[PDB]
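Visitor: Let me begin by handing over the structure; questions about it come next.
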Amino acid sequence: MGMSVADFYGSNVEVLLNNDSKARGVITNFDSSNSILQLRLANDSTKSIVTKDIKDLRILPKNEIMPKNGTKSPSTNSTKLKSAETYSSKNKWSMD
Amino acid sequence: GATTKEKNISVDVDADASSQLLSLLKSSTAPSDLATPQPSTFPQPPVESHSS
């Protein structure tokens, strides 16, 4: 039907600017009066860009954006920091 | 059975929606802004609801 940008706040998308340069990041804000868009990129960096310099916009795929794979990946299986005294391999239950 | 593409899934992400975001920044677009003038109404309620 039709939605406003407030629904797409926090969306990760890529944007090509009038100078044929590309930049992608997760949106944080947009001001109607000045049309000014803040993007918070996953490298812990903030960047404010005024939308008027946008030549074109596109939404990127969710996860696996840089790396290319052909698996469903139902679980993230991540263990960054926070370690316990238990180890798990493949799956806790097999042939169950 | 077997299909041409190994991946099918369902999800929701049409390539045409990306154009709507760039279309909004470029112009209002609205329901009509190109064909000849015609009798139409554009109500704008203060609050929108999906269920009632």
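Letters A, B, ... mark the chains of the structure tokens in the order given; residue numbers begin at 1 per chain; ligand numbers begin at 1, in order shown.
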Dump as a list in words the residues of chain A that approach chain B to within 7 Å, counting only C-alpha atoms.
Guide: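 So the residues of chain A near chain B are residues 56, 57, 58 and 59 of chain A.
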Visitor: Tell me, as a PDB file with N, CA and C atoms, in the first residue's frame, which residues lie within 12 Å of residue 20 (chain A), counting only C-alpha atoms; anything in the same chain fewer than 5 positions away does not count.
Guide:
ATOM      1  N   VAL A  15      23.477   2.831  -0.432  1.00  0.00           N
ATOM      2  CA  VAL A  15      23.045   4.086  -1.119  1.00  0.00           C
ATOM      3  C   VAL A  15      24.155   4.572  -2.055  1.00  0.00           C
ATOM      4  N   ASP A  53      21.876  14.321  -1.392  1.00  0.00           N
ATOM      5  CA  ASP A  53      23.031  13.806  -2.197  1.00  0.00           C
ATOM      6  C   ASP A  53      22.819  12.337  -2.607  1.00  0.00           C
ATOM      7  N   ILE A  54      21.671  11.759  -2.308  1.00  0.00           N
ATOM      8  CA  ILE A  54      21.394  10.358  -2.772  1.00  0.00           C
ATOM      9  C   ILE A  54      21.055  10.362  -4.267  1.00  0.00           C
ATOM     10  N   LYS A  55      21.751   9.564  -5.037  1.00  0.00           N
ATOM     11  CA  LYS A  55      21.353   9.348  -6.460  1.00  0.00           C
ATOM     12  C   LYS A  55      20.413   8.140  -6.561  1.00  0.00           C
ATOM     13  N   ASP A  56      20.563   7.179  -5.675  1.00  0.00           N
ATOM     14  CA  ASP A  56      19.712   5.944  -5.728  1.00  0.00           C
ATOM     15  C   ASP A  56      19.804   5.185  -4.399  1.00  0.00           C
TER      16      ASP A  56
END
Visitor: Which residues are near residue 23 (chain A)? Cut-off 10 Å, only C-alpha atoms, ignore same chain within fewer than 2 positions. Put them as a list in words.
Guide: residues 13, 14, 15, 16, 17, 21, 25, 39, 41 and 57 of chain A
Visitor: For CA of residue 39 (chain B) and CA of residue 4 (chain A), quote the distance in Å rounded to one decimal.
Guide: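 It comes out at 25.6 Å.
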Visitor: Using Å and a single decimal, report how far CA of residue 91 (chain A) sits from CA of residue 1 (chain B).
Guide: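 Atom-to-atom, CA of residue 1 (chain B) and CA of residue 91 (chain A) are spaced 27.9 Å apart.
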Visitor: What does the distance between CA of residue 24 (chain A) and CA of residue 61 (chain A) come to in Å, to one decimal place?
Guide: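 About the pair CA of residue 24 (chain A) and CA of residue 61 (chain A): they are 11.5 Å apart.
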Visitor: Could you list, as number ranges by chain, every residue within 12 Å of residue 40 (chain B), counting only C-alpha atoms and ignoring same-chain residues fewer than 6 positions away?
Guide: B: 30-33
Visitor: Please, could you write that set of residues out with C-alpha atoms as a PDB file, in the first residue's frame?
Guide:
ATOM      1  CA  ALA B  30       0.767  10.248  -4.432  1.00  0.00           C
ATOM      2  CA  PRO B  31      -2.010   8.073  -5.947  1.00  0.00           C
ATOM      3  CA  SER B  32      -1.976  10.101  -9.204  1.00  0.00           C
ATOM      4  CA  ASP B  33       0.565  12.638 -10.554  1.00  0.00           C
TER       5      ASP B  33
END
Visitor: Chain B: which residues are helix (DSSP H, G or I) by DSSP, as a list in words?
Guide: residues 15, 16, 17, 18, 19, 20, 21, 22, 23, 24, 25 and 26 of chain B
Visitor: Excluding region 69-71 of chain A and any residue of its chain fewer than 2 positions from it, enumerate the residues within 12 Å of it, using only C-alpha atoms, and give them as a CSV table (one decimal) with C-alpha atoms, in the first residue's frame.
Guide:
chain,number,residue,atom,x,y,z
A,63,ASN,CA,22.9,-11.4,7.1
A,64,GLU,CA,25.5,-13.1,4.7
A,65,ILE,CA,25.8,-9.6,3.0
A,66,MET,CA,29.6,-9.9,2.5
A,67,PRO,CA,30.2,-13.7,2.8
A,73,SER,CA,21.6,-21.4,8.7
A,74,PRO,CA,18.6,-21.8,11.0
A,75,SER,CA,20.8,-21.0,14.1
A,76,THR,CA,23.5,-18.4,14.5
B,5,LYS,CA,16.6,-23.2,-8.0
B,6,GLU,CA,17.8,-25.0,-4.9
B,7,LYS,CA,16.7,-22.1,-2.7
B,8,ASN,CA,13.0,-21.2,-2.6
B,9,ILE,CA,11.9,-20.2,1.0
